[PDB]
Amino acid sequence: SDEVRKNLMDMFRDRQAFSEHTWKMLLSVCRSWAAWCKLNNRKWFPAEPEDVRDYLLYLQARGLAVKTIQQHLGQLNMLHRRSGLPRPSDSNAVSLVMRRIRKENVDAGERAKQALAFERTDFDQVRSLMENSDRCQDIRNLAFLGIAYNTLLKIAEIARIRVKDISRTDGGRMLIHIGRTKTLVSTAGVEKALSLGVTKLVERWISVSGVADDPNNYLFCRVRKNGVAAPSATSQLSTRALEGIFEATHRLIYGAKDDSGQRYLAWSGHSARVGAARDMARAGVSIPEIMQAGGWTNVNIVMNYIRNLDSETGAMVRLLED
């Protein structure tokens, strides 16, 4: 009783031990759960196994994805475990209902998605077009897409790059030091090398932006309607802005998005990562080098990116034809 209050207070005290995104989702699920409780006059904490089961079933009925329902159950599980109480998943009622919800939906044909690919051809086409622009905005967006495709870095890591994090090989190629990504330990970090062509795109961006006037400035910053860039060492270009670049670029070439409300109708933050992976896959690059390139320590996500590649349509056929 007074012990649960402590563990909770201790978790909040050292919040920063967790990603801000984890806390955001924690509070978001809690809102959903509490709201569902208030409406069935149930106690939201500690949660009762039979109530959690009903809630999960309620989520499934709302039509949410299996992965989304796993998130809600998961946040609940952490709140309880980290407080010293047994997890809702510790009961057969909740554990069996999750299995059932996943089996049913998957049986109904539910399948997780992934970003629309941004490959070499796309990058070449975009470059052939924006190359001739003098606008600070265009020069920045081309440099960004360039680094994204070349390095496979996620939008959060690219937004974190500081001017001082850039070096150069003796061949003239730029180097980008990366320290906190989405996984890894000592603090030695890694260096991402840019091709001769892509370093040129970035160089032009540095020149027209003036972000180099201060090393602790972030590489990318905003550019206002009048074309003046606003370097900053305390503010990064929001990852939301970085997704807008991918989307605006897709609109530029293919026009306005559909009206189906669907996800992945245009390029997004992850497009260059999946497109590059599948360009290498097709190039014959080795599994280890690919994993090296994208920073993977496994091979699953990789395998998934080739799945559906047109270049993997099939062998058995010409195998029968002679």
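When you see a residue number, it is the position in the sequence shown, counting from 1.
For the segment pair 1 to 9 and 313 to 321, the entry gives 313 to 321 the higher mean B-factor, averaged over Cα atoms. Stretches 222 to 230 and 69 to 77 differ in mean CA B factor, with 222 to 230 having the higher one. Between the residues 197, 146, 171, 88, it is 171 that shows the highest Cα B-factor in the PDB record. By the numbers in the PDB entry, the CA B factor is greatest at 111 among 251, 100, 164, 111. For residue 49, the recorded CA temperature factor ranks within the lowest third of the chain's modelled residues. In this PDB entry, the Cα temperature factor of residue 268 sits in the bottom third of its chain's modelled residues, the lowest group. Residue 213: CA B factor in the highest third of modelled residues in this chain (values from the PDB entry).
Among the modelled residues of its chain, residue 287 has a C-alpha B-factor that falls in the highest third according to the deposited record.
Ranked by Cα temperature factor within the chain, residue 236 sits in the middle third according to the deposited record.
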